[PDB]
$ cat model.pdb   # PDB, C-alpha atoms
ATOM      1  CA  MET I 500      56.028  67.275  92.981
ATOM      2  CA  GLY I 501      57.239  70.127  90.635
ATOM      3  CA  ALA I 502      55.959  72.787  88.263
ATOM      4  CA  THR I 503      55.114  71.927  84.698
ATOM      5  CA  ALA I 504      55.085  73.615  81.169
ATOM      6  CA  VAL I 505      54.176  72.753  77.674
ATOM      7  CA  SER I 506      55.247  75.098  75.019
ATOM      8  CA  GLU I 507      55.030  74.095  71.403
ATOM      9  CA  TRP I 508      55.921  76.238  68.226
ATOM     10  CA  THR I 509      53.976  74.207  65.716
ATOM     11  CA  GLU I 510      53.835  76.085  62.238
ATOM     12  CA  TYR I 511      52.613  73.204  59.932
ATOM     13  CA  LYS I 512      51.500  74.212  56.363
ATOM     14  CA  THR I 513      50.255  71.471  54.054
ATOM     15  CA  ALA I 514      49.478  72.941  50.579
ATOM     16  CA  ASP I 515      46.696  70.197  50.187
ATOM     17  CA  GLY I 516      45.733  69.051  53.615
ATOM     18  CA  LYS I 517      44.897  65.404  53.144
ATOM     19  CA  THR I 518      46.898  65.246  56.358
ATOM     20  CA  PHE I 519      48.160  62.429  58.624
ATOM     21  CA  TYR I 520      49.284  64.432  61.873
ATOM     22  CA  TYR I 521      49.182  62.965  65.493
ATOM     23  CA  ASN I 522      50.130  65.483  68.354
ATOM     24  CA  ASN I 523      49.846  64.775  72.207
ATOM     25  CA  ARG I 524      51.008  66.628  75.279
ATOM     26  CA  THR I 525      50.928  64.590  78.478
ATOM     27  CA  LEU I 526      51.894  67.352  81.000
ATOM     28  CA  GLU I 527      51.764  66.655  84.819
ATOM     29  CA  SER I 528      52.783  68.910  87.823
ATOM     30  CA  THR I 529      52.163  65.772  89.902
ATOM     31  CA  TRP I 530      48.532  65.907  91.083
TER
ATOM     32  CA  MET Z 400      64.560  73.800  89.993
ATOM     33  CA  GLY Z 401      62.186  70.991  90.548
ATOM     34  CA  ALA Z 402      60.244  71.311  87.334
ATOM     35  CA  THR Z 403      59.805  69.916  83.865
ATOM     36  CA  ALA Z 404      59.176  71.705  80.614
ATOM     37  CA  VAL Z 405      59.073  70.985  76.847
ATOM     38  CA  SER Z 406      60.602  73.667  74.514
ATOM     39  CA  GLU Z 407      59.826  72.149  71.145
ATOM     40  CA  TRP Z 408      60.012  74.377  68.055
ATOM     41  CA  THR Z 409      58.989  72.984  64.519
ATOM     42  CA  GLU Z 410      58.609  74.747  61.044
ATOM     43  CA  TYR Z 411      56.956  71.952  59.053
ATOM     44  CA  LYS Z 412      56.163  72.270  55.319
ATOM     45  CA  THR Z 413      54.666  69.701  53.052
ATOM     46  CA  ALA Z 414      52.665  70.083  49.834
ATOM     47  CA  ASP Z 415      50.454  66.949  49.700
ATOM     48  CA  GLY Z 416      48.644  65.456  52.765
ATOM     49  CA  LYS Z 417      49.600  61.795  52.196
ATOM     50  CA  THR Z 418      52.760  62.418  54.291
ATOM     51  CA  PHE Z 419      52.864  60.793  57.906
ATOM     52  CA  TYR Z 420      53.784  62.880  61.139
ATOM     53  CA  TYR Z 421      53.508  61.712  64.705
ATOM     54  CA  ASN Z 422      54.281  63.551  68.048
ATOM     55  CA  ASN Z 423      54.025  62.231  71.670
ATOM     56  CA  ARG Z 424      55.439  64.600  74.207
ATOM     57  CA  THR Z 425      55.503  63.660  77.832
ATOM     58  CA  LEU Z 426      56.901  65.677  80.740
ATOM     59  CA  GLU Z 427      56.476  64.959  84.601
ATOM     60  CA  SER Z 428      57.482  67.083  87.478
ATOM     61  CA  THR Z 429      58.406  65.062  90.636
ATOM     62  CA  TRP Z 430      61.562  66.193  92.561
TER
ATOM     63  CA  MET R 300      69.575  71.865  89.061
ATOM     64  CA  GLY R 301      66.674  69.520  89.748
ATOM     65  CA  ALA R 302      64.467  67.555  87.247
ATOM     66  CA  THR R 303      64.443  67.712  83.611
ATOM     67  CA  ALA R 304      64.525  69.979  80.516
ATOM     68  CA  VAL R 305      64.149  69.291  76.718
ATOM     69  CA  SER R 306      64.478  71.347  73.549
ATOM     70  CA  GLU R 307      63.930  70.713  69.834
ATOM     71  CA  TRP R 308      64.905  72.977  66.779
ATOM     72  CA  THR R 309      62.946  71.437  63.758
ATOM     73  CA  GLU R 310      62.900  72.395  60.035
ATOM     74  CA  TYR R 311      61.057  69.673  58.015
ATOM     75  CA  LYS R 312      60.588  70.880  54.306
ATOM     76  CA  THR R 313      59.604  67.821  52.160
ATOM     77  CA  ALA R 314      56.882  68.806  49.649
ATOM     78  CA  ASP R 315      55.889  65.271  48.392
ATOM     79  CA  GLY R 316      53.048  63.260  50.137
ATOM     80  CA  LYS R 317      55.325  60.426  51.358
ATOM     81  CA  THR R 318      57.492  61.472  54.429
ATOM     82  CA  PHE R 319      57.211  59.238  57.617
ATOM     83  CA  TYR R 320      58.158  61.020  60.899
ATOM     84  CA  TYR R 321      57.524  59.624  64.370
ATOM     85  CA  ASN R 322      58.739  61.647  67.503
ATOM     86  CA  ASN R 323      58.441  60.285  71.124
ATOM     87  CA  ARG R 324      59.783  62.724  73.687
ATOM     88  CA  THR R 325      59.855  61.956  77.516
ATOM     89  CA  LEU R 326      61.300  63.974  80.382
ATOM     90  CA  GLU R 327      61.170  62.114  83.703
ATOM     91  CA  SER R 328      61.585  63.352  87.244
ATOM     92  CA  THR R 329      59.941  60.833  89.541
ATOM     93  CA  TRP R 330      59.009  60.169  93.217
TER
ATOM     94  CA  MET D 200      68.827  65.584  93.505
ATOM     95  CA  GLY D 201      69.450  64.662  89.836
ATOM     96  CA  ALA D 202      68.798  66.672  86.697
ATOM     97  CA  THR D 203      69.362  66.038  82.940
ATOM     98  CA  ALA D 204      68.859  68.154  79.826
ATOM     99  CA  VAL D 205      68.398  66.949  76.149
ATOM    100  CA  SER D 206      68.377  68.948  72.942
ATOM    101  CA  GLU D 207      68.510  68.488  69.171
ATOM    102  CA  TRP D 208      68.296  70.424  65.837
ATOM    103  CA  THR D 209      66.502  68.624  62.949
ATOM    104  CA  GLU D 210      66.951  69.668  59.281
ATOM    105  CA  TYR D 211      65.321  67.583  56.603
ATOM    106  CA  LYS D 212      64.611  68.845  53.017
ATOM    107  CA  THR D 213      64.064  65.580  50.971
ATOM    108  CA  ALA D 214      63.915  66.134  47.174
ATOM    109  CA  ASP D 215      62.306  62.843  46.041
ATOM    110  CA  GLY D 216      59.995  61.738  48.921
ATOM    111  CA  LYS D 217      61.719  58.996  50.874
ATOM    112  CA  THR D 218      62.656  59.658  54.589
ATOM    113  CA  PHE D 219      61.565  57.599  57.533
ATOM    114  CA  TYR D 220      62.518  59.133  60.875
ATOM    115  CA  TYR D 221      61.469  57.500  64.155
ATOM    116  CA  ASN D 222      63.119  59.564  66.937
ATOM    117  CA  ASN D 223      62.413  58.319  70.495
ATOM    118  CA  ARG D 224      64.569  59.826  73.205
ATOM    119  CA  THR D 225      64.075  59.910  76.876
ATOM    120  CA  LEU D 226      65.770  61.699  79.551
ATOM    121  CA  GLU D 227      66.192  60.190  82.912
ATOM    122  CA  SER D 228      67.042  62.627  85.618
ATOM    123  CA  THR D 229      66.189  61.187  89.022
ATOM    124  CA  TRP D 230      65.396  57.436  88.758
TER
END

$ encode --input "model.pdb" --output "structure tokens"
Amino acid sequence: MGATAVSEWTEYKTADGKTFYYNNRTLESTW
Amino acid sequence: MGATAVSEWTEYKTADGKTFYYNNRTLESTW
Amino acid sequence: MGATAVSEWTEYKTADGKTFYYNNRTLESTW
Amino acid sequence: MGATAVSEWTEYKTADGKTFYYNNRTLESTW
């Protein structure tokens, strides 16, 4: 069982946002 | 260390939304 | 050290509604 | 005991919209 970090630098600019964009964190410190 | 972390960095640019993006991070701390 | 580290350094600059990107990022440390 | 580290840099400017990029990469420290 360890320590856990998510840390995401997501600058996403669509000019016309008819967007298709899937984003998941699965992030476990072992419950 | 006994730890897990996710240092993703992304500058994304697109004009028109019809483009396809998918992201599935997973990180799991067990040492 | 002990367990598991990732990085990404992303510059995606495609204007046209068309690009296909799929990312699937996993960092194990397990029992 | 066991520890792994992955990295990349990703640089895509496509003129005429075209690119497919599936990018699935593990890392597998301990087991």

$ calpha_fit_rmsd --input "model.pdb" --fixed "chain Z" --moving "chain I"
2.2 Å

$ residues_around --input "model.pdb" --residues "stretch 409-413 of chain Z" --least-positions-apart "2" --cutoff "12 Å" --atoms "all atoms listed in the file" --output "number ranges by chain"
I: 506-520; Z: 406-407, 415-420, 422; R: 306-320, 322; D: 207-214, 216

$ residues_around --input "model.pdb" --residues "residue R:325" --least-positions-apart "2" --cutoff "6 Å" --atoms "only C-alpha atoms" --output "ChimeraX atom specification"
/Z:425-426 /D:225

$ resolve_selection --input "model.pdb" --expression "the PyMOL selection byres ((chain R and resi 330) around 9)" --output "ChimeraX atom specification"
/I:500 /Z:429-430 /R:328-329 /D:229-230

$ atom_distance --input "model.pdb" --atom1 "atom CA of residue R:302" --atom2 "atom CA of residue I:503"
10.6 Å

$ resolve_selection --input "model.pdb" --expression "the PyMOL selection byres ((chain R and resi 324) around 6)" --output "JSON, numbers by chain"
{"Z": [424], "R": [323, 325], "D": [224]}

$ atom_distance --input "model.pdb" --atom1 "atom CA of residue Z:404" --atom2 "atom CA of residue Z:427"
8.3 Å

$ axis_aligned_box --input "model.pdb" --around "stretch 401-408 of chain Z" --padding-each-side "4 Å" --output "lines of an AutoDock Vina configuration file"
center_x = 60.6
center_y = 72.1
center_z = 79.3
size_x = 11.1
size_y = 12.5
size_z = 30.5
